[PDB]
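Novice: Here it is: the structure, laid out below.
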Amino acid sequence: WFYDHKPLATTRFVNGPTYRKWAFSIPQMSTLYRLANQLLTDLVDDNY
Amino acid sequence: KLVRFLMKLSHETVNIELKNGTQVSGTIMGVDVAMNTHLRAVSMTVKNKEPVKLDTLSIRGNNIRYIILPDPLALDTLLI
Amino acid sequence: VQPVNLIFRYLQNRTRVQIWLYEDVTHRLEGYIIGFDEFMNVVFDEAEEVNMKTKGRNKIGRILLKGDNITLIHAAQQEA
Amino acid sequence: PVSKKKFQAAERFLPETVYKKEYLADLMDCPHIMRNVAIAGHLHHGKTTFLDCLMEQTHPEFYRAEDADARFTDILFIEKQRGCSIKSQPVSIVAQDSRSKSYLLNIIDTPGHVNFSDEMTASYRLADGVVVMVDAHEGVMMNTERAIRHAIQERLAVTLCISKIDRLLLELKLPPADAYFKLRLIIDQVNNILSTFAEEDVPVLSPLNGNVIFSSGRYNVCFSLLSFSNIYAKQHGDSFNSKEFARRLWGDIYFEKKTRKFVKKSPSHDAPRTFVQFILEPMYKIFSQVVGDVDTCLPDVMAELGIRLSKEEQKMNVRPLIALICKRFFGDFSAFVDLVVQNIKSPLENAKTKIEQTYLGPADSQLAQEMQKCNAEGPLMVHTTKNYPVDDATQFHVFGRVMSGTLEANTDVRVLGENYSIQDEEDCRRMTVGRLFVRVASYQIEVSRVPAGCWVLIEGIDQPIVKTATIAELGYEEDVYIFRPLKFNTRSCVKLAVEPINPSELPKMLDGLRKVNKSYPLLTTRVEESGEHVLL
Amino acid sequence: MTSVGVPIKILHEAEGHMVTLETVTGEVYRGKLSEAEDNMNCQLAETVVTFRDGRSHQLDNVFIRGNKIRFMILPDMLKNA
Amino acid sequence: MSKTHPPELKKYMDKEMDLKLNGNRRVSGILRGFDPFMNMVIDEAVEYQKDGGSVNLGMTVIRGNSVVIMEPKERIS
Amino acid sequence: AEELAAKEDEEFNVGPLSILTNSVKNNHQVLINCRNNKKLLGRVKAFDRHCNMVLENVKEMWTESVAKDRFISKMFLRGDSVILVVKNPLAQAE
Amino acid sequence: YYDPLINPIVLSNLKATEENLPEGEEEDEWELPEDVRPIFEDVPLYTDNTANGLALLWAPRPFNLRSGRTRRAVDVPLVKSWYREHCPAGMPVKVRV
Amino acid sequence: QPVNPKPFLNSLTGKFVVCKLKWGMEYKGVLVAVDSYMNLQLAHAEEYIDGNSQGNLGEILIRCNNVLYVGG
Amino acid sequence: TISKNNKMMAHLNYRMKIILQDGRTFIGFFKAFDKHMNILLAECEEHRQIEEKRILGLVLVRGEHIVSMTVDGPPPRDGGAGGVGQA
Ligand SMILES: Nc1nc2c(ncn2[C@@H]2O[C@H](COP(=O)(O)OP(=O)(O)OP(=O)(O)O)[C@@H](O)[C@H]2O)c(=O)[nH]1
Ligand SMILES: [Mg+2]
């Protein structure tokens with residue numbers, strides 16, 4: 001589903017076609033956290 | 001167990017003799033698993049005292065000595 | 001020390017003990033314990049029913065005194 | 001004219017509470033059933049966020065954000081912004097122990113920064129004991145050791161909360177066995193401090209002694225060995241004596257499943273201790289499931305714990321879900337109230353100890369003999385240690401502990417400053433008391449009388465009270481002495497001169513300096529002979 | 001704990017207050033309820049005993065067995081707990 | 001059929017206890033044992049008679065439900 | 001709820017309660033002595049472990065002393081009052 | 001697992017606290033009933049997802065969230081984390097400005 | 001050597017016993033049966049008051065609570 | 001009525017007159033009970049024949065001693081809301 005227009009919009013993971021809420025699992029979120037890594041900060045806390 | 005006979009009686013009219021000698025007459029509106037008995041339209045004749053008239057009365061079940069059952073009662077059908 | 005262990009001392013020693021009865025202030029049983037159960041029932045041996053107000057002594061050769069009636073059990077002394 | 005100069009949180013209404021307010025007010029008459037408790041520790045070791053849980057339990061409408069600390073007792077806006085507690089705030093609540101008997105808990109939250117340890121002194125003067133928060137990660141730090149030592153010097157009952165235990169699970173990821181050693185070492189470090197005080201025996205802290213508790217304010221966790229044993233007792237029909245299980249849930253005891261008996265030598269190479277087996281591993285599994293397996297484990301968590309989670313509660317984020325799961329399983333922090341009730345003395349029991357330490361008058365003066373009875377019918381004495389600005393900063397309310405008698409609203413009292421003596425009686429005033437309140441941080445429950453042993457916030461007497469004061473009965477005939485000044489834990493080294501930019505506005509600055517001097521217990525304002533105005 | 005009826009819970013909140021209780025033999029004991037139990041055994045500190053003839057004594061402590069208590073008078077404020 | 005929890009007599013142990021029993025007997029001595037029924041053990045027990053006489057009972061067990069009032073002569077431990 | 005109300009009836013085939021068992025099914029009158037120092041004579045038609053009974057066609061007699069008596073068509077007796085049950089020799093199987 | 005960057009839990013000179021364990025013959029015989037069992041005994045302490053879940057908790061937002069509201073595509077500023085933090089040590093003046 | 005109540009009453013089953021009730025009447029008879037709650041059933045049982053018989057009752061069931069003691 | 005759990009409260013907060021086995025009559029607002037039929041009476045008083053009155057307070061009666069109880073008096077006492085229009 002990664003490259004659909006409104007991915008998961010019809011599934012249980014998001015409320016419906018109005019596309020207002022989402023609720024993922026940890027396999028989903030961790031795969032996504034990996035794919036984003038080129039854009040993300042390495043910082044673990046605000047103290048920096 | 002025979003307490004589960006008495007609570008099949010409801011709306012029956014009885015005379016209840018409490019252990020204290022109080023005679024209570026009235027209509028059973030419900031009696032529980034401890035035979036705590038709840039009567040309505042009740043008259044307490046406390047021993048050596050004039051009968052009062054009462055609307056309702058809850059008797060803690062251990063005070064019951066015996067209940068005179070209503071004479072027409074179909075004991076054959078309730079003792080099953 | 002616990003009560004049940006103490007009764008075992010009387011049982012093992014076969015100590016003559018005097019039992020106080022519940023509510024009955026007027027009689028006490030003197031004898032030897034030979035066994036008991038969790039309900040404080042005492043199999044009692046050579047039991048003598050002391051009648052303290054007369055100091056009379058009836059004798060009752062071995063009884064099960066029901067534990068429900070026991071108030072106190074103490075070692076009987078050399079006096080009579 | 002609409003100068004919205006607000007500088008602290010203020011509540012338009014009383015919040016709802018589980019207890020009726022009248023039950024709180026009526027419990028004030030019974031000093032057997034109340035405790036005056038400081039909460040202390042290092043900076044950010046979880047003190048305020050722990051009080052947030054007690055607030056949430058006692059106030060049904062109290063809101064905790066899913067991702068920021070409420071910090072109810074950080075009522076000042078600078079405390080909101082700085083993110084640290086700067087001034088101590090009291091909170092009086094009724095809370096039930098494990099017996100489900102209500103106790104009135106008087107609790108001063110205190111700041112954990114070293115600099116503001118003058119606020120810790122002002123709070124220890126009102127308390128009968130202290131609960132020390134020690135971060136399960138950091139362990140004993142500088143101001144932890146200072147807070148323990150200062151409590152023993154002030155003769156407070158020291159008790160221990162090992163806070164932020166989730167940081168072992170979630171940040172350090174120590175195996176449950178190595179978590180037990182980390183917790184144990186914190187207890188050992190604390191008892192190493194107490195054993196320096198050879199001259200006055202301080203009871204040894206251990207969870208076996210019922211005076212240590214473990215907690216995580218973020219995730220609504222707080223337990224002692226007994227509250228976990230009661231969870232097993234509840235869950236398994238009370239088929240065992242929970243006191244005897246609690247007594248075996250710490251130390252080098254191992255459980256043996258073959259024999260159902262508990263043994264003091266390891267039955268295998270890797271046998272978990274009873275703490276590791278029955279307390280830590282279930283806590284790890286409460287977390288690791290919802291951390292790794294939020295999408296699948298939630299029915300099993302519900303089935304095991306006997307918990308309901310709605311459709312939308314099951315869609316919560318990991319942090320607020322674990323906090324909600326723990327809130328519904330462990331329930332209210334009876335383990336804290338046990339620590340307080342059983343290990344901290346009542347104001348009545350601590351009365352003798354408190355007068356020895358804090359009262360300058362002879363210990364066998366009749367007035368001292370009365371205050372040691374903590375007698376609500378005795379002569380009025382009140383010791384106030386802390387001044388709090390009213391919401392417009394025009395004036396201060398003074399916060400304190402009635403030591404004897406009953407303080408009454410709209411009555412006259414003799415107020416004595418720190419300089420009063422039987423020789424130099426000039427530091428004495430008659431003031432009329434305004435309203436009286438039970439302060440509960442951001443809001444105040446007004447009361448007409450406060451009996452001995454309680455804490456009270458007092459309107460109208462603040463003008464002569466520079467820092468601490470003694471308020472005494474006017475009628476009282478024998479020599480009234482004061483309570484001694486605070487003996488602070490530190491000094492004011494940092495010297496900082498001030499000067500108005502307009503010399504025609506110097507009177508306004510001097511009024512400011514009088515006010516901040518009332519606010520900060522250890523702030524000294526001088527005028528130097530050079531004419532500089534100096535804050536230390 | 002496991003659930004127990006409100007009268008026993010209120011009795012545990014009567015701890016630390018003054019109470020008065022009458023025993024089945026008729027004596028009235030007034031004191032400060034230092035402990036209660038789920039069987040309503042009671043320990044009274046600071047006790048005053050009143051006999052049915054109206055005489056009295058102070059007693060430093062009393063333990064009264066629960067099934068020998070006829071009734072208690074609790075304090076008033078417990079109606080708010 | 002019920003579940004019985006030990007009485008909190010633990011603080012009274014080994015202090016001299018007075019007792020009043022059914023029938024208004026008074027027994028006095030060193031309490032040093034109890035059970036869930038509060039079946040007492042009184043050591044060195046002494047009966048106090050209805051006339052001011054006294055009798056040494058020695059070591060004694062008392063069935064708990066005969067005990068009415070239980071009352072130190074001396075300070076709790 | 002009712003499971004232990006139905007399982008109860010096993011022991012009554014042989015225990016001391018058998019005098020009630022025979023009193024019901026063979027219809028022997030029993031002279032139930034009670035507390036209050038009163039005698040009830042009647043045919044038990046049910047009983048239980050607690051020794052409740054329902055009595056048909058009862059004669060109650062006591063001394064009040066002069067003898068007095070009362071006739072009760074049907075009764076339920078709470079078993080805690082039952083001292084002593086006797087198969088009355090002044091009656092028989094019916 | 002005990003990562004070797006975590007210092008060992010030891011201090012060289014602390015007295016071990018007194019463990020007041022129950023003792024004596026009557027007390028070693030105390031047994032827990034046969035059904036009482038740790039509150040998640042059959043659940044494994046960790047799954048293959050547990051290490052990843054522990055990683056997400058400290059992830060940059062949104063990845064420390066498993067649920068939330070959607071956002072507009074225009075709202076999500078993909079690069080904003082990059083210039084919020086200090087400029088890397090080698091970037092030209094053109095870039096630093 | 002212990003002689004517990006149940007073995008004792010079992011050894012008396014089918015033998016003559018005296019049973020005394022808490023309220024002073026005594027019943028002498030053959031103890032035909034006992035149960036695990038210590039009710040007593042006697043046969044040929046006869047009631048004695050002040051040491052005097054007042055006649056044969058026949059078979060009796062003494063409910064468990066009434067018994068003061070029972071013995072040979 | 002009472003303790004039938006759908007109607008557990010059936011006489012709660014009524015003023016009730018309680019007769020004990022010693023013949024005493026207590027009167028008060030019956031506002032809690034227990035499975036042992038313990039009862040808690042607020043604002044309780046006792047009454048005896050001559051009628052002699054005494055005030056007690058909040059009385060807890062151990063259930064073992066209760067003979068019976070009766071309704072003596074009612075509980076104490078004190079088109080909804082909304083709206084859209086104007087007039
Ligand atoms: N991991 C974890 N962090 C917590 C917990 N409780 C509080 N914190 C965090 O620790 C920090 C400090 O919490 P505070 O409640 O402000 O602690 P505090 O001691 O009152 O701070 P000061 O009073 O100013 O010393 C905040 O960032 C909280 O989010 C906890 O239980 N677990
Ligand atoms: Mg704080």
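Just so we're on the same page: first chain in the structure tokens is A, next is B, and so on; residues restart at 1 for each chain, and ligands are numbered from 1 in the order they show up.
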At a cut-off of 8 Å around ligand 2, and using only C-alpha atoms and all ligand atoms, what residues come up? Please write them as a ChimeraX atom specification.

Specialist: /D:43-44,46-49,71,73-74,84-86,88,109-112

Novice: For residue 16 of chain B, please output as number ranges by chain all residues within 9 Å (counting only C-alpha atoms; exclusion window: fewer than 3 positions along the same chain).

Specialist: B: 22-26, 64-69

Novice: Residues near residue 38 of chain I, anyone? I mean within 9 Å using only C-alpha atoms, not counting same-chain ones fewer than 4 positions away, as a ChimeraX atom specification.

Specialist: /G:16 /I:6,9,34,63-65

Novice: Taking the backbone alone, and naming residues the way the document does, which bits of segment 3-71 of chain E are strand (DSSP E or B) by DSSP, as an NGL selection string?

Specialist: :E and (18-23 or 28-36 or 42-50 or 56-64 or 69-71)

Novice: Find the residues around residue 49 of chain C up to 9 Å (only C-alpha atoms counted), leave out those fewer than 5 positions away in its own chain, and share them as a VMD selection string.

Specialist: chain C and resid 27 to 31 56 to 60

Novice: Taking only C-alpha atoms into account, which residues of chain H are within 6 Å of chain A, as number ranges by chain?

Specialist: H: 66-70

Novice: Since we have the selection now, will you write its residues out, keeping C-alpha atoms, as a PDB file, in the first residue's frame?

Specialist:
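Saved as out_0.pdb:
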ATOM      1  CA  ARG H  66       1.287   5.148  16.479  1.00  0.00           C
ATOM      2  CA  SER H  67      -2.007   7.044  16.046  1.00  0.00           C
ATOM      3  CA  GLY H  68      -3.097  10.556  15.293  1.00  0.00           C
ATOM      4  CA  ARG H  69      -4.979  12.857  13.016  1.00  0.00           C
ATOM      5  CA  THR H  70      -3.984  13.178   9.415  1.00  0.00           C
TER       6      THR H  70
END

Novice: Compile the contact shell of residue 55 of chain I as a short mmCIF file (atom, residue, chain, number, x, y, z; two decimals) with N, CA and C atoms, in the first residue's frame: residues with an atom at most 10 Å away, counting only C-alpha atoms, same-chain residues fewer than 5 positions apart removed.

Specialist:
data_model
loop_
_atom_site.label_atom_id
_atom_site.label_comp_id
_atom_site.auth_asym_id
_atom_site.auth_seq_id
_atom_site.Cartn_x
_atom_site.Cartn_y
_atom_site.Cartn_z
N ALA I 45 -34.53 -45.58 73.04
CA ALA I 45 -34.01 -44.53 73.89
C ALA I 45 -35.02 -44.15 74.96
N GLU I 46 -34.53 -43.84 76.15
CA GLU I 46 -35.36 -43.57 77.31
C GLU I 46 -34.84 -42.32 77.99
N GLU I 47 -35.75 -41.46 78.43
CA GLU I 47 -35.40 -40.16 78.99
C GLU I 47 -35.36 -40.25 80.50
N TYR I 48 -34.26 -39.79 81.09
CA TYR I 48 -34.05 -39.80 82.53
C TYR I 48 -33.95 -38.37 83.02
#

Novice: Looking only at alpha helix (DSSP H) from DSSP on the backbone, list the matching residues of chain I as a VMD selection string.

Specialist: chain I and resid 5 to 12

Novice: Applying 10 Å and only C-alpha atoms, which residues near residue 21 of chain H remain after dropping the ones on its own chain fewer than 5 positions away? List them as a PyMOL selection string.

Specialist: (chain D and resi 208+247-253+264) or (chain H and resi 27)

Novice: Please produce an output containing N, CA, C and O atoms for each residue in the selection, written as a tab-separated table (two decimals), in the first residue's frame.

Specialist:
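Here's the written file result13.tsv:
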chain	number	residue	atom	x	y	z
D	208	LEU	N	11.17	-4.64	52.54
D	208	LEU	CA	10.77	-5.58	53.57
D	208	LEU	C	10.36	-4.87	54.85
D	208	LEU	O	9.52	-5.38	55.59
D	247	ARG	N	5.94	-10.28	52.55
D	247	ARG	CA	7.12	-10.54	53.35
D	247	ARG	C	8.17	-11.41	52.66
D	247	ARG	O	9.28	-11.50	53.19
D	248	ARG	N	7.86	-12.04	51.53
D	248	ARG	CA	8.78	-12.89	50.79
D	248	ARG	C	9.13	-12.35	49.41
D	248	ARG	O	9.91	-12.98	48.70
D	249	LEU	N	8.57	-11.21	49.01
D	249	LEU	CA	8.71	-10.67	47.67
D	249	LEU	C	9.95	-9.79	47.47
D	249	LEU	O	10.03	-9.09	46.45
D	250	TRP	N	10.92	-9.79	48.38
D	250	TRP	CA	12.16	-9.05	48.18
D	250	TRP	C	13.32	-9.83	48.78
D	250	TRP	O	13.14	-10.63	49.70
D	251	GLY	N	14.51	-9.59	48.26
D	251	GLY	CA	15.73	-10.15	48.78
D	251	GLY	C	16.16	-11.37	48.00
D	251	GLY	O	15.61	-11.71	46.95
D	252	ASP	N	17.18	-12.04	48.53
D	252	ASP	CA	17.61	-13.33	48.01
D	252	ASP	C	16.68	-14.48	48.41
D	252	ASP	O	17.14	-15.46	49.00
D	253	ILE	N	15.39	-14.36	48.12
D	253	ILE	CA	14.44	-15.47	48.17
D	253	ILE	C	14.09	-15.84	46.74
D	253	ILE	O	13.88	-14.96	45.90
D	264	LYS	N	16.13	-19.84	49.93
D	264	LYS	CA	17.10	-18.75	49.99
D	264	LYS	C	18.40	-19.07	49.27
D	264	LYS	O	19.40	-18.38	49.51
H	27	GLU	N	8.51	-21.38	58.94
H	27	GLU	CA	8.34	-20.33	57.96
H	27	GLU	C	8.89	-20.72	56.61
H	27	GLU	O	8.43	-20.20	55.59

Novice: Fewer than 3 positions away in the same chain doesn't count, so skip those; otherwise give me all residues within 9 Å of segment 58-64 of chain E, counting only C-alpha atoms, as an MDAnalysis selection string.

Specialist: (chainID E and resid 23 29 31 40:49 67:69) or (chainID F and resid 9 67:76)
